[PDB]
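Below is one structure, written out as C-alpha cells; the observations come after it.
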Amino acid sequence: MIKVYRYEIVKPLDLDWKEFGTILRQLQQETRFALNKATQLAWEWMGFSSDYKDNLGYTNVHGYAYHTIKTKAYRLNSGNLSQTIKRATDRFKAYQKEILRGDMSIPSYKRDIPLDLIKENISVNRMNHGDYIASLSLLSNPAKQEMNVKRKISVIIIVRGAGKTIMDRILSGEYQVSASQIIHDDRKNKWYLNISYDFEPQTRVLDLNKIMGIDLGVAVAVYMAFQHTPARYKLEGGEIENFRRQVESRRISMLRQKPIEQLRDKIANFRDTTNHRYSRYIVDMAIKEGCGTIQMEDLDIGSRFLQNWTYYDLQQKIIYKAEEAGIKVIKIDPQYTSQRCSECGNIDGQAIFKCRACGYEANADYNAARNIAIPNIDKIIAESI
Amino acid sequence: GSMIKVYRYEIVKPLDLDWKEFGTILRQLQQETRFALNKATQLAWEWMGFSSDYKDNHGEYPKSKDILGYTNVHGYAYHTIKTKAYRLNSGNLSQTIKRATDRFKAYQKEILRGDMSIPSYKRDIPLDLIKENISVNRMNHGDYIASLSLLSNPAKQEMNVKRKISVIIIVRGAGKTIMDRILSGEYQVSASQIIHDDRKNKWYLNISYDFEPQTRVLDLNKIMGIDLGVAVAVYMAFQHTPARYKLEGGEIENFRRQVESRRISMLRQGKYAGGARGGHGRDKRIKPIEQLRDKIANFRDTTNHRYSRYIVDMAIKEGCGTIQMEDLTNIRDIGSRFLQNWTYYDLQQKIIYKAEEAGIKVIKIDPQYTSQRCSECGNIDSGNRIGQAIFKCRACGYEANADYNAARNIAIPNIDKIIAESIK
DNA sequence: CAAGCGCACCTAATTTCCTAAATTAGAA
DNA sequence: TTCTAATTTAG
RNA sequence: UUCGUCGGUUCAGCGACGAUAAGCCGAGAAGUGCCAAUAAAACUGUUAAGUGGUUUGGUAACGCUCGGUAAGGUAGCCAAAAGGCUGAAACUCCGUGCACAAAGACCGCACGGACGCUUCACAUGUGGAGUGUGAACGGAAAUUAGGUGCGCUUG
Ligand SMILES: [Mg+2]
Ligand SMILES: [Mg+2]
Ligand SMILES: [Mg+2]
Ligand SMILES: [Mg+2]
Ligand SMILES: [Mg+2]
Ligand SMILES: [Mg+2]
Ligand SMILES: [Mg+2]
Ligand SMILES: [Zn+2]
Ligand SMILES: [Zn+2]
C-alpha cells in the first residue's frame, strides 16, 4: 500500500545552494536534538529514571515530548517536528521491554538524520519544459521571517527511468503522496527526496498472454524468464551437485572392501524429492507473475547442468501442478533457443551470450529462457532459417 | 615496559558439580553480565543528560560527589546493578561495570556529536574475571585444576556451592609452557575471561598475563622495509644488503571465494527446500550456513600469523632494529595489491606486536609515489608504471621488480620527508 | 536485471582494555 | 584472635 | 579421491566414524501479515470539516520466538548388600612409577632409553639443544563502513 522511491535533488529553484545547505544542516541539527530529547523524555515518562533525578499534565508521551521540545526547536515546522517526535517515541515503545530487561542500552540517532515531511507539506508538479518540481514546507512561522525565505522552498528532482512511472501516477491523481523524507548521503555528497507513494494494489489475474518461458541451463538448473517483465528467476542446483559428489565418492569407497542397494534407493528418492520442490517453486513463480501459460522444451543429455536427471518426471510434475493452478503448458521444440538473440532476433563464451548483430549481452541461460518465452517461438525460428 | 598476551584453555569438566548445573550457572552469569553492561551504559547516558540539563539551568556542572553520592558513575552503577545482579561475584561485576562506564566515557563526545551510537551489548557476552579470583594448581598426576571464583555469597547458598568452583583444563602445547611460567612466577595473571565456542560447544578459560619481553641489542640504523606489493603479498628489502624475501600469496582469496559462493548458494536454496526448513524461525531457516561461520576469519587469522612471524624472524636474521611500513589509513595507499579483500590491518597489527616482543621498533610512513621513485637515483617519475610489475629507471638504466624497489624506498629512513622535499 | 523500504547476517577498519587499596565478614 | 575471600569505592 | 564429528586452540594431513544433514520434528505467541472492535497525540482550518492513524482481543502463513535431532575407542571378578581388586581404550616404539569400573566427565602425566626429524656447531661424520604429524599461537567488546540473503513495490 505504501512504498517509497528516491529522487536526487538537482538545485533549489529560487535560492542559491549555500543557503539551502545551511538551512538543511540547521534543520538536521534541530531534528537530531528533537529525537534525542524525545527519547530522554520517553525514558522519564515510563518511570525508568533513577531515584536521584526526582530528588505531568499531558496524556501520552508524544504530547509531552512535542510540547517540551517545541520551544527550542522552533525552526522546524510543527508537522515535521511532530513526525520526528512520533518516530522517537515509537522506537522507544517498541524496544521498551528490552530496555527494562537489560537487552539493549538506549536508542541512538546518527548525525545525518533525515528530515521529516507530512503529506500536506510536500507537493510535486511538472512544467511545460518538462522539469520536475517539488515544493517543501520545512520552516515554521518565525523561521521564515528570520531567514527572509518566503513561500515554500521549491526544488528540482531527477525523474527518469523506472521513477518516471511513479511520478506520473502521483501527478495524474492515481497515487497519493504520503509522509516523505529528505535524505543526505555523505559519500556521493547529494541529497534525495524519499517520496512515499500510497496506492491500492490490484490482485493479479492469470492472463493467457503472459508466459513464463523455461529452459534447462548449462550453468544453473532452470532459468525462468518473462518477456512482458524483466523479472528473472533461477534454480541454482548447488545441493544437486553436492549430493552427486557425495554419492559418487561413497560408491567409489564402498566398491573396495545389498551394500549399494541402499544407495540406489537413496538416489531415486532424492530425485523425486528434488523434483517436487523444483516443480512447486516453478509453478509458484508463474502464479506470482500471473503467467497463464508456460513454455518449456519437451524431452541425448545436451550438456545440461542436471547431467543425468530424470527430466520426464520433472516435466510431468510441472504439467500436473500447472493443471491444478489453471495454467496451460506448451512444449516448444528447442532447435536454437540458446543461439538466437532475444532482442535483435539474429540467429548467429558458453556462460555469457553475445549478439554480434546488436551487441546485447546477458547470461546465456537467461537469453535462452527469454527466447523460449516469446510466443510461438517455433514458427519464427523456422521462418528465421 | 610490559606487554600483555592471552591463551585459551579448554575446560573439560566441573570438578565437583555436574555439567548441567555448571551450564545453568554459566548461562545465568552470562545474562547477569549482559544486563550489567547494558544497565551501566544506560546509567552513564542518563547521567550525561542530567549533567547537561543541570549545567544549562543552574549555570554550573553538578559534582557527582553530591548528586549521585559516589565519585564516579562506576560506583553508582555498582550500587544500582548489584541488587538485580546478585549472582555475579563482586569483583567480576565491578570489572564489567567499569568496562561499560569506561567505554562510554572514552567516546562521550562522539556520542553527543552523533558519530557513534550508544554502545549496546550482545547476548553471548563473555564472563569477566580478575587476577584475585583465579588460581591454578597442578596435581601430582598431571592435572591442572583452575579454582574460579564466579559466584556471590547469596548465590553460593542458593546454588549449594560452599567453596570456589573448580574446573579441569587441558594444558598442552605452548599452553603448558605458559602455565608453568605463570606458576613459577615469571608471568603475572591479569583480568581474564570465560568464552564459549558455539561451533565446538566448548568453554575456554582466557587467561591474560603480563611479562617482560627479552630486549636484545639491535641498532636503530638497520632498517627493513615492507610493501604490500602488487604481485607478491609482502616484499621485504634492505638498504645495506641486497637480500630479498617474498611472501607470494599461494592461497589468499580462494578460501573467501569458496566460502562466499557456498554461503550464497545455500542461502538461495531456502526458497525451494524441504518442509522442515521453513516455519521454524530465522535461525532454523539459515541453519546450513552455520558451518561457514568462522572459516574465512580463522583462515586469515592463521595466515596473518604465519606471515607476521616470518617477517619478524627475517628482521632478526639480518640484524635489523627498525621495520618501516606503509600508512594505509583511509585507504590512501595503493589500491592495487595482490591481496584483494585481505585484512591488512590485522597483518600490520600482528607485525607491530611481534616486533615489539622481539625488541624491534615499527615506524609508519606516508607513501607517495613510492612504487615510482627510483631507489638508486631519487627521480620521482611516473613513467615506470609498467603494469606495476617491472620497474625500469630510464635516468639510470636500472631494471628490477617493482615490489623490491617499493620495499627499498620504504626502507630509506625519513622517506616521507625526502619525497616531500623532492617534489613539494 | 535496475532502484527504493523492512529485517538480519557477514567482512574489514579503528579504539580501548586487560584496577586496586581498604574494609568487612564468616570460618578456623 | 587470625586470617582469607568477598565487598565497596577512589582515582 | 564431497561435506561433517572426535583426536588441547586456528589452518593442513592422518586414523576411526556418520551423512538424502542444503534432511526431519515439537511447543508457543514478543513481531510482519490476515480477521474483528475501538479512534489518541499533532496540523490546517473560526466553529463545522478535513489530514493524520491510536488502543484491545483473535487466527497461526512467516528470514515469527524458543528449541530437539548422526557421527573415534574402552577390561571383568569377588560380597547377600556396601565396597574391594585388575588396569582397557586417541597422532612412533619400550621400561618404571603416579591416576583412573563407564564416562559430556576415562583413553593421561613425569622420568629414563631407542627410532626418526629441525636447528645450530667441530671436521661426508661427529656433538649439543629443542622435537614426537607440519606451520602457528594477543585476544575480548564496541562502534563505524561496505556487502550479502530474504520479503514487498515500481519498471
Ligand atoms: Mg514484479
Ligand atoms: Mg585427568
Ligand atoms: Mg566425545
Ligand atoms: Mg582439525
Ligand atoms: Mg593404560
Ligand atoms: Mg623422552
Ligand atoms: Mg598439533
Ligand atoms: Zn540481438
Ligand atoms: Zn634512477
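Cβ sites come from the backbone with ideal geometry, for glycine too, and all protein chains shown count toward neighbours. Every number here is computed from the coordinates shown, using simple stated rules; none is lab data.
For the reader, a short list of remarks on this structure follows.
- Gained length - B:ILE67 relative to B:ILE418, 0.36 nm times residue gap less alpha-carbon distance: 120.7 nm
- Estimated 222 nm signal from helices in the protein assembly as shown, with DSSP H stretches of n ≥ 4 weighted -39500 (n - 2.57), rounded to 500: -13000 deg cm²/dmol
- 20 Å tail of the calculated P(r), segment A:207-348, as % of Cα pairs: 53 percent
- Leading residue at positive end of dipole, chain B (Cβ point charges), from B:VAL167, B:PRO213, B:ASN330: B:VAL167
- Over segment B:270-341, the alpha carbon radius of gyration divided by the compact-protein estimate 2.2 N^0.38 Å works out to 1.92.
- Loop-located GluC sites (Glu not before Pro) in segment B:218-286, at most 11 other Cβ atoms within 10 Å (DSSP): B:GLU251
- Our summary of shape: the Cα atoms of segment B:22-113 have principal axis extents of 53, 27, 16 Å, ordered from largest down, in whole angstrom.
- Debye-sum result for segment B:314-411 in log10 I(q)/I(0), which assumes one identical scatterer on each alpha carbon, at q = 0.15 Å⁻¹: -0.69
- Where labels lie 7 Å past Cα in the beta-carbon direction, separation of A:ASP16 and A:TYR336 in nm: 6.5 nm
- Nearby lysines by direct alpha-carbon distance to A:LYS328 (threshold 24 angstrom, same-chain neighbours under 8 apart not counted): A:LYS210, A:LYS234, A:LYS288, A:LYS317, A:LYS379, B:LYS271
- With 24 Å as the limit on Cα-Cα distance, the pairs of A:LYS152/A:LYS190; A:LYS119/A:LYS152; B:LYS20/B:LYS131; A:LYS144/B:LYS109; B:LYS200/B:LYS354 that go past it are B:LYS20/B:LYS131; A:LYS144/B:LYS109; B:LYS200/B:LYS354.
- Cleavage-rule hits, trypsin sites (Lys or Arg not before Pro), segment B:283-356, DSSP coil, Cβ neighbours within 10 Å at most 10: none
- Taking the DSSP beta bridges with both ends in chain B, the antiparallel portion is around 85 percent.
- Fewest-first ranking of B:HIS280, A:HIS62, using other Cβ atoms within 10 Å as the exposure measure: B:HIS280, A:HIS62
- Environment charge of B:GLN372, counting only residues whose C-beta is closer than 9 Å and scoring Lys/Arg +1, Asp/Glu -1: +1
- Taking the fewest neighbouring Cβ atoms within 10 Å as the starting point, the ordered list for B:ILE264, A:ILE385, B:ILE223, B:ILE423 is A:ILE385, B:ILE423, B:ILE264, B:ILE223.
- Take the Cβ atoms of A:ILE385 and A:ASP272, set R0 to 35 Å, and the FRET efficiency comes out at 0.35.
- Per-pair calculated FRET efficiency, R0 = 60 Å: B:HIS305 and A:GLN176 via Cβ, rounded to 0.05: 0.50
- For chain A, pairs of C-alpha atoms spaced more than 26 angstrom apart make up 68 percent of the total.
- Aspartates and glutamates with Cα under 16 Å of B:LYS55, excluding same-chain neighbours fewer than 8 positions away: B:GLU46, B:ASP66
- By the rule of a C-alpha distance below 14 Å, with chain neighbours fewer than 8 residues away ignored, the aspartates and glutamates paired with A:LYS110 are A:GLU30, A:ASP185, A:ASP186, B:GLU110, B:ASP115.
- Taking only the alpha carbons of the protein assembly as shown, we obtain Rg and Dmax values of 34.0, 95 Å in that order.
- Under the simplified labelling scheme, the A:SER78-A:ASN346 pair shows an inter-label distance of 6.7 nm, with each label point 7 Å from Cα along Cα→Cβ.
- Charges were assigned to the Cβ only: +1 to each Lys and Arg, -1 to each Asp and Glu. The resulting dipole of the protein assembly as shown about its Cα centre is roughly 1160 debye.
- Scattering curve values for segment A:2-198, log₁₀ I(q)/I(0), Debye with Cα scatterers, q = 0.09, 0.14, 0.16 Å⁻¹: -0.39, -0.86, -1.06
- Likely footprinting exposure, B:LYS122, B:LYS222, fewest C-beta neighbours within 10 Å first: B:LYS122, B:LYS222
- Where a label projected 7 Å from the Cα of B:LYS105 along Cα→Cβ would reach, residues of segment B:37-51 with amide N under 16 Å: B:40-49, B:51
- Binning the C-alpha pair distances of segment A:123-280 at 10 Å intervals from 0 yields a P(r) profile of 7, 20, 19, 16, 13, 11, 9, 4, 1, 0 %, listed from the shortest bin outward.
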